[PDB]
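The listed protein sequences derive, respectively, from chains B and A.
Residue numbers 1 to 27, 29 to 119, in the deposited numbering, belong to the letters of the first sequence in order.
Residue numbers 35 to 39, 59 to 186, 192 to 227, 230 to 298, 300 to 307, 309 to 310, 315 to 329, 331 to 349, 383 to 434, 456 to 466, 468 to 470, 472 to 473, 475, 477, in the deposited numbering, belong to the letters of the second sequence in order.
Beta carbons are placed, not taken as given, at the ideal position from N, Cα and C, and that holds for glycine.
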Amino acid sequence: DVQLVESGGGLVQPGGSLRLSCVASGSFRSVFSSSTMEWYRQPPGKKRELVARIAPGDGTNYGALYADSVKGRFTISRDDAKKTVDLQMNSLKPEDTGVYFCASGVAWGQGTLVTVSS
Amino acid sequence: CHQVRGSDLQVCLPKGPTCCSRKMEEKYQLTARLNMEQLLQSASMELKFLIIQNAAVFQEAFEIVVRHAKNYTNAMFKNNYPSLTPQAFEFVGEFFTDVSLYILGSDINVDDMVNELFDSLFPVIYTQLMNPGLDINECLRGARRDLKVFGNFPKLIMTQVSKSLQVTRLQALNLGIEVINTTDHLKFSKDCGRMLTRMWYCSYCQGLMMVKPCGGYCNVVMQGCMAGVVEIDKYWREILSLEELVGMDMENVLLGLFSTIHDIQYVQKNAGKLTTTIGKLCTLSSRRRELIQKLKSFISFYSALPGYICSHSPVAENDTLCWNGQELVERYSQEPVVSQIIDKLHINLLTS
Ligand SMILES: *[C@@H]1O[C@H](CO)[C@@H](O)[C@H](O)[C@H]1NC(C)=O
């Protein structure tokens, strides 16, 4: 089975941090290194929105893009040997509450819940 | 006999004299048939309209998604690969045409749509993007696959879209309409018809005006009439299989096609050597929820049906001063079509 599998969601206080991890499984592992990887958020009762994107690397740099709502707070990273894409989330706000999905142009994960509340 | 609303009858058990002949007895028999039918109709009407509603809405709700994806894909080509138009406007149209056809049950092989798409796409890439500047079209269509110019992008799209187009490619909704609509046309045994006549109308033959049949007598009669019909209950409840399916998109996959197709970039990463060798060679989900909610309220339709006929007809559920089928008493004491409904309830296909 080809699965993008999210983890590291949970409950956290405002101003806290979380690390989401998405593992690419299924022999998708061969195309991961040539695939753009994306993190999306779906807030409660809202549409899904792009949070961060990371391009394929040439071995020396990745083009990273961030939504304006998370700019300077979040960091997307990828490990091509492990076939993982991680989202480090710092200085979390109540508005960061939602289901977080990792995606590629061909596949979506099932998502992980992040809750930012007191 | 005033106004009514020997003996040789064949339905009403004549305790003595009688007010009605063999001909008025046959009248009472046909109006029993008509009455049972109307009652069955009324029992099934609200559920029948519910499934008719949603079958019409859900059927109209996928063709829009395909049209929108086609135009988006056409626009993205026009905007990002103008050198590939108008040819792109043609093979994009060919592909999404087959998409809708495959959705609606036509014999369409998904691996084609993708393969025809990439067979049509590669020659115009080669001529317009890789080596800018008609008879050589068929060689390039063959070299597309013989040289694997797109790598595993076609296979990726093949599995991306085959999984989503297969699930989308209604049967259960239309079948429920068909079994429920069969219910108000159920023919009953002749004994049931004679008993229904005795229960509803033979009291008038004895010259009574207001006496109603006993509820207990109605249940013994109705349980005898609906004996095969009640067996359908367990198959109708196994509603639950439908509720299981609604485990549940095609918009994202079809909208995402241009992005995957654009990542054309792979092919051009090899234009240098590839040219030379070719040279030589040549609220929707909310509706589902609300439907299942309303549908579960009707899960006991076939088990509550005999009680419906008895309760929605004049009865003395008190079982006092009531008609027992042959006399006024003070207290009451004592399949083919059906099997086709069973067989069809095959759909329980619902192997989520
Ligand atoms: C969207 O696509 C369908 C495809 O049949 C077309 O009929 C419709 O006019 C399109 N809408 C546009 C181009 O605005």
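Residue i Cβ short of 8 Å to ligand 1 heavy atom set
i: residue 124 (chain A); result: yes
i: residue 121 (chain A); result: yes
i: residue 149 (chain A); result: yes
Beta carbon proximity, residue i to chain A, threshold 9 Å
i: residue 40 (chain B); result: no
i: residue 31 (chain B); result: yes
i: residue 35 (chain B); result: yes
Residue i, enclosing alpha helix (DSSP H) - first and last residue
i: residue 81 (chain A); result: 75-113
i: residue 238 (chain A); result: 231-243
i: residue 86 (chain B); result: Unbroken run through residue 86 (chain B) is the beta strand (DSSP E), 85-90; no alpha helix (DSSP H).
i: residue 33 (chain B); result: Looking at the DSSP string, residue 33 (chain B) is not in any alpha helix (DSSP H), and its letter there is neither H nor E.
i: residue 408 (chain A); result: 405-411
i: residue 390 (chain A); result: 384-396
i: residue 277 (chain A); result: 275-285
i: residue 253 (chain A); result: 250-260
i: residue 35 (chain A); result: Premise fails: residue 35 (chain A) is in no alpha helix (DSSP H) and is neither H nor E.
i: residue 333 (chain A); result: 332-335
i: residue 175 (chain A); result: 163-178
i: residue 298 (chain A); result: It is not in any alpha helix (DSSP H) - residue 298 (chain A) carries neither H nor E in the DSSP assignment.
i: residue 101 (chain B); result: Residue 101 (chain B) -> not in any alpha helix (DSSP H); beta strand (DSSP E) instead, spanning 99-104.
i: residue 155 (chain A); result: 140-156
Closer than 9 Å to chain B by CB, residue i
i: residue 339 (chain A); result: no
i: residue 333 (chain A); result: yes
i: residue 399 (chain A); result: no
i: residue 475 (chain A); result: no
i: residue 218 (chain A); result: yes
i: residue 180 (chain A); result: no
i: residue 164 (chain A); result: no
i: residue 210 (chain A); result: yes
i: residue 322 (chain A); result: yes
i: residue 151 (chain A); result: no
i: residue 174 (chain A); result: no
i: residue 391 (chain A); result: no
i: residue 384 (chain A); result: no
i: residue 226 (chain A); result: no
i: residue 170 (chain A); result: no
i: residue 318 (chain A); result: yes
i: residue 419 (chain A); result: no
i: residue 300 (chain A); result: no
i: residue 222 (chain A); result: no
i: residue 344 (chain A); result: no
i: residue 325 (chain A); result: yes
i: residue 193 (chain A); result: no
i: residue 156 (chain A); result: no
i: residue 251 (chain A); result: no
i: residue 329 (chain A); result: yes
i: residue 105 (chain A); result: no
i: residue 214 (chain A); result: yes
Segment limits, beta strand (DSSP E) that includes residue i
i: residue 55 (chain B); result: 50-55
i: residue 114 (chain B); result: 113-117
i: residue 421 (chain A); result: 420-423
i: residue 75 (chain B); result: 75-80
i: residue 38 (chain B); result: 38-43
i: residue 19 (chain B); result: 18-25
i: residue 218 (chain A); result: No beta strand (DSSP E) holds residue 218 (chain A); the alpha helix (DSSP H) holding it covers 211-226.
Residue i: CB within 8 Å of a non-hydrogen atom of ligand 3
i: residue 428 (chain A); result: Of the ligands this structure carries, namely ligand 1, none is ligand 3.
Can you pull out the residues from the segment 101-112 of chain B whose beta carbon lies closer than 7 Å to at least one beta carbon of chain A? Taking 7 Å as the Cβ-Cβ cut-off against chain A, the residues of the segment 101-112 of chain B that qualify are 106 and 107.
Of all the residues that make up the segment 91-124 of chain A, which are near chain B by a beta-carbon distance shorter than 7 Å? Those would be none; no residue qualifies.
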